[PDB]
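Next up: just one chain, as structure tokens, the form deposited in one PDB entry.
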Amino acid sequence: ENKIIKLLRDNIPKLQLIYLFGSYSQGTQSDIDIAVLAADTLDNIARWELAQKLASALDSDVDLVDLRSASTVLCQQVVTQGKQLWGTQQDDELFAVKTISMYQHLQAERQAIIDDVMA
């Protein structure tokens, strides 16, 4: 039942995004969480319209995430729990060392805020 849905979630992004870099499965394995990287940022509406087009081609809801505009915490959640579906490996490592290093710096910036919230 899987994979045949994966390459379904491959054909649609490869055919709907210019300059596709990588495709990721994120949340679980219902509900589907998909992340994607391209050479250009995605339009807010055009991404959602495509996300709803992914959600209709499949049966579940779909959250399409633009990795060129997503938050640093969300990017770390993708490199931590995730599965690469399409793209090279040198672009995958480039995106991981970028996010992990940016995350270690963010943790240093917001730890005073995190501690106040967590008492």
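Between two forms, the rigid core is the largest collection of C-alphas that superpose within 1.5 Å. Residues that one form lacks are left out of the comparison. Residue numbers run from 1 along the displayed sequence.
The same protein also exists as the form deposited in another entry; that form is not shown, yet it is the one meant from here on.
Relative to the superposed core, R110 undergoes a C-alpha shift smaller than 2 Å between this form and the one not shown.
Here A96 does not count as shifted, since its C-alpha moves by less than 2 Å between this form and the one not shown after the core is aligned. The distance between the CA atoms of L37 and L15 is at least 3 Å shorter in the other entry than in the form shown here. Inter-residue distance, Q76 to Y19 (Cα): reduced by at least 3 Å in the other entry versus the depicted form. Core-superposed comparison between this form and the one not shown: one run of at least three consecutive shared residues with Cα shifts of 2 Å or more is located, at 1-24.
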